[PDB]
2 protein chains.
Amino acid sequence: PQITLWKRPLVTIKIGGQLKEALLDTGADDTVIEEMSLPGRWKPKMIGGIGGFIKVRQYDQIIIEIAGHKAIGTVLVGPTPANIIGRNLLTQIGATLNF
Amino acid sequence: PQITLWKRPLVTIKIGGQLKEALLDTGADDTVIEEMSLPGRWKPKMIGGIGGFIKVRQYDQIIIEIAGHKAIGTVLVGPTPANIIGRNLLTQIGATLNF
Ligand SMILES: CC(C)(C)NC(=O)[C@@H]1C[C@@H]2CCCC[C@@H]2CN1C[C@@H](O)[C@H](Cc1ccccc1)NC(=O)[C@H](CC(N)=O)NC(=O)c1ccc2ccccc2n1
Ligand SMILES: [Cl-]
Ligand SMILES: [Cl-]
Ligand code: NA
C-alpha cells in the first residue's frame, strides 16, 4: 500500500496468536510493545526517547505479522505508552519513504 | 526521492535563517527543534513520548525548507534530544510510506 500521514499510520499486527494495533515509525531504531508474555530467555536493554529512558526486556527471533507481511526478529517489551514498529522490522517488510 | 530505512532518515532543513539536520519521523504528531530563537508570539505546551513529558514553546505560522521543499506550520522549541520533522509538516511535502 501507499500510506499518507494526515492521520497516525496505525496497522494491525499479530504476535503470540493475538491481534494488536501498532504505529509504523520511521523515527524509531527499534520495535517496542506494551506488556505481554513471550517465549524463551530475555536480555536487558535501556532505550531513550523524548522524555528520558526506560528499561525493557529484549526477545530475539520472534515471529510477528505486520499489515499481512511476515517478519522474524527482535521485539522489546516494557512500559511504552504505545506499540511501535521501528526500522529493524520496517526493512523486513520492504518499507520506504517517498516524496 | 525514495529513502530506504537501513540507516536513520536524516535530511538538511533551513529554519529561522539557520541550517540544521533533522529526522523524518512518521511516529511523531508534532515537529520539535532544539533551543533556538524564532520571531512572533508563543505559548507553553507539554508533549509526551517514550520516557515521559517535556515543556516546550509553541510557535505558529513558521516557514521551513525540508530537503529543498517549502512548508509552513507549527514548530515546538525545547530540550529535545534530537531535531524531528513530524506529520504536521511531512503531509505538506507530500511524503508517503510505501510497501
Ligand atoms: C521508541 C524508541 C525506540 C524509544 N525511539 C524513540 O522514541 C525515538 C527517539 C528519538 C530521539 C528523541 C527525539 C525523538 C526521536 C524519535 N523517537 C521516535 C518517535 O517517533 C516517537 C515514538 C513514540 C510514539 C508514541 C508514544 C511514544 C513514542 N514519537 C514521539 O516522541 C512523539 C513526540 C511528539 N510529537 O509529541 N510522540 C507522539 O506523537 C505521541 C503520541 C501519543 C502519545 C500518547 C501518550 C503518551 C505519549 C504520546 N506521544
Ligand atoms: Cl534488567
Ligand atoms: Cl501545523
Ligand atoms: Na507566529
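Residues numbered from 1 in each chain as written, not as in the entry; some residues may be left out. Chains lettered and ligands numbered in written order. Heavy atoms only, no water.

Method of structure determination, per the deposited record: X-ray crystallography was used for this entry, reaching 1.10 Å resolution.

(A) Molecular detail of the relation of the copies chain B and chain A. The two copies are related by a screw motion: chain B maps onto chain A through a turn of 178° and a shift of 0.1 Å along the axis, at an RMSD of 0.4 Å. Viewed as a symmetry operation, the transformation between the two copies matches a two-fold axis. Across chain B, the smallest distance between a C-alpha and the rotation axis is recorded for B:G51, namely 2.1 Å. Same-surface contact between copies: 95% of interface residues of chain B are shared with the interface of chain A. (Least-squares fit on C-alpha atoms. Contact = heavy atoms within 4.5 Å.)

(B) The site of ligand 1, seen in detail. The immediate surroundings of ligand 1 are formed by 22 residues, with A:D25, B:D25, B:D29, B:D30 and B:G48 found nearest. Around ligand 1, the nearby residues trace back to chains A and B. Within the side chain of B:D25, an N or O atom sits 2.7 Å from an oxygen atom of ligand 1. Within the complex, the protein chains bury 86% of what would otherwise be the 880 Å² of accessible surface of ligand 1. The pocket occupied by ligand 1, as judged from atoms lying within 2 Å of grid points, is the largest pocket. Secondary-structure elements contributing two or more residues to the shell around ligand 1 are β5 (43-49) of chain A together with β5 (42-49) of chain B. (Near = heavy atom within 4 Å. Polar contact = N/O pair within 3.5 Å; in protein donor to acceptor, adjacent residues only side chain to side chain. Areas by Shrake-Rupley, 256 points an atom, 1.4 Å probe, with all protein chains shown as cover. 1 Å grid on protein atoms, 1.4 Å probe; cavity = no way out; pocket = protein on both sides within 12 Å on 5 of 7 lines; lining within 4 Å. Sits in = over half its atoms within 2 Å of the grid points. Helix = DSSP H or I, 4+ residues; strand = E, 2+ residues; numbered from the N terminus.)

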